[PDB]
């Protein structure tokens, strides 16, 4: 077989494989469970860690440690409920209220990413982790391997000069520049569609039109019998995220302002899950005195 590097074994007791490969481990210092992501041997790994260290949001996975050996070892927090994929696999569908609670968190997470100049680019049910086995739980976005950092573009520098020698396709690209983040909103629309209905909107199963053609036209597979169980507001949101034009597509802010997300009961349940997890971390408070 092979062995774990000495530096890792020093701080962690390695255990069972959880699914790159992810292993269960125990931090020796605390006796607490962690998840260790093993990445076989680089440029994406450098960016991934850098992104993970900068982010601080309750709906985004946190990096605990990192080891650079024969393979890369990213120590992450352990999520007991596993992937959202396992709750939707086959034709399993979540209760609409459960969809809302998880979707709201996904929007807050993606909104936080976009506010911080990060595009995930790989949002899918297998990259959404649940904090517990209970259906009302906190969710965390993970797997920042395909992610991209937004900064000052070469296009922005190109536009500071005279376009005497500049090609027309560069000038045509100015119309869409800065809409890259809209790929996350499309992905969010696909996750929401799956969660609400139990089936994917674009599939090669029981159809002639190519997957490519179903996507570029945005003609999702609508099954009325399945969707009758779902509210009009929920479907209206899916429809606004599954828009072909990335400039007309709903952003995370527009999705958060949508009537389907104006649910104080869902919001209170989320605030209740937050404070319950924070209860262990919470240091005493400097309180005002009259």
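We call the rigid core whatever largest set of C-alpha positions still superposes within 1.5 Å between the two forms. Positions refer to the first chain, counted from 1.
Root mean square Cα distance to the shown form, taken over structures and residues in 9 other deposited structures of this protein after a core fit, is higher for 44 to 52 when 44 to 52 and 244 to 252 are compared.
The higher RMS C-alpha distance to the shown form in 9 other deposited structures of this protein, out of 32 to 40 and 253 to 261, belongs to 32 to 40, with every structure fitted on the core. Note: missing coordinates for residue 143 occur in none of the other compared entries bracketing this position, so the one-third threshold is not reached. Across the other entries compared, none leave residue 204 without coordinates where the residues on each side are present, so it is far from a third. According to the entry, the stretch of the deposited sequence that connects residue 19 to residue 20 contains 4 to 9 residues lacking coordinates, which leaves a gap of moderate length in the model. The segment from residue 41 to residue 42 is interrupted, since 10 or more residues of the deposited sequence in that interval carry no coordinates. Looking at mean Cα B-factors across 275 to 283 and 5 to 13, the upper value is held by 275 to 283. Of the two segments, 254 to 262 and 42 to 50, the one listed with the higher mean B-factor is 42 to 50 (C-alpha atoms only). The top Cα temperature factor in the record, among 207, 98, 111, 127, falls on 207. Reading the B-factor column for the CA atoms of 202, 186, 144, 72 in the entry, the top value corresponds to 72. Residue-level temperature factors show residue 168 in the lowest third of its chain, judged at the C-alpha atom. The entry lists a Cα temperature factor for residue 152 that places it in the highest third of the chain's modelled residues. Sort the chain's modelled residues by C-alpha temperature factor and residue 63 lands in the middle third, per the entry. Ranked by Cα temperature factor within the chain, residue 212 sits in the middle third according to the deposited record.
Compared with the other modelled residues of the chain, the Cα B-factor recorded for residue 223 ranks in the highest third.
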